[PDB]
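So that the names make sense, note that chain A is the first sequence line, chain B the second, and so on, each numbered from 1. These numbers come from the heavy atoms of this one structure, side chains and all, not from hydrogens, waters or symmetry mates.
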Amino acid sequence: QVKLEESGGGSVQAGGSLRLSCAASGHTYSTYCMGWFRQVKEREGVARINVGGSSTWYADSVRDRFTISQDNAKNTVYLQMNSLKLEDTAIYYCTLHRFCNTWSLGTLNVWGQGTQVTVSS
Amino acid sequence: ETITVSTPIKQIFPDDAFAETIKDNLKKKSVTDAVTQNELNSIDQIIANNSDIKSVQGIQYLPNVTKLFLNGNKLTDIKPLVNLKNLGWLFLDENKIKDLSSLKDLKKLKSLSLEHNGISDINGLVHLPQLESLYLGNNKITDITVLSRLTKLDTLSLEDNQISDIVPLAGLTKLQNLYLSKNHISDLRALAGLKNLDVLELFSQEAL
């Protein structure tokens, strides 16, 4: 029922930047958690924001390099990935759950198809 | 509390659906395959939503399970959870669980979900003051007195219940996300002192 429309990714040189976006439709939520996990190994949370609220969360490894933001009216979130490192190479997946504390588990989320990000040099 | 000798899965877990859950979790070929206590000790997470499970008898032998997803089953009796001392995240939506005394000793539990269980009496939840997340939407709850003891809650859903009195939430200063739509609420005065709310939903009250 819930569509996650993802854009962004590809190949970038270390130190460069990429922006991901994800737009949700078909949900009924006034507020909800949306953001990204990534996978190389086991998937791991990267960043989320409470759409319709303001709270954010980042993994320690990306804090101060990645910034997540929302356009609540467009039901879209954006991940600005700056200062990219080789360790950031992964498939990034937009993912959604009504409740941020459950979002963190992954298991019960709506999952996007994902996008490959590859950082070189 | 422990299986003494290697034993067939189907003997430990009498519910056929739950036995298949364990078989798949351990990547075994058959529910007739034997398991050891050491193998059961390796289980940290069970994903068994929407699985037609009527009983989780046998789960008592999984001392290291920390995440348990049992939404959408046919459970009534959760006594086999009683001594799962490492459980942190428990999802039990869309069952028919009414006796919450079995939850009393889950002293590491951080997150509990009991949505759509037909529950009215939540007084048993007073025994979980360490909870951080509690989801009780789509029940028959009126009296939330006991939630005033749960001073570590940061996320609480009570949506689609029969609550009119939210005074017991007044002291819950750590609340960040509070979902109260589809109740009987007209008076939020007791929430005025909450300072950490990011989300507060109050849609579609039916005054009365």
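Here the closest heavy-atom approach between residue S55(A) and residue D198(B) is recorded as N-OD2, 3.0 Å.
Distance check, rounded to the nearest 0.5 Å: CD of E159(B) to CZ of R98(A) gives 4.0 Å.
With a 4.5 angstrom heavy-atom cutoff, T31(A) touches chain B via backbone and side-chain atoms both. For a residue to count as touching a neighbouring chain, one of its non-hydrogen atoms must lie under 4.5 Å from one of that chain's; by this rule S157(B) touches chain A with the side chain only.
With a 4.5 Å cut-off on side-chain heavy atoms, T107(A) and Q45(B) count as touching.
Between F99(A) and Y179(B), the ring-plane angle classifies as perpendicular under the 30° and 60° cut-offs.
Pairs engaging residues 122-134 of chain B under the side chain to side chain donor-acceptor pair (under 3.5 Å) rule: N101(A)-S133(B), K110(B)-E132(B) [sequence neighbours left out].
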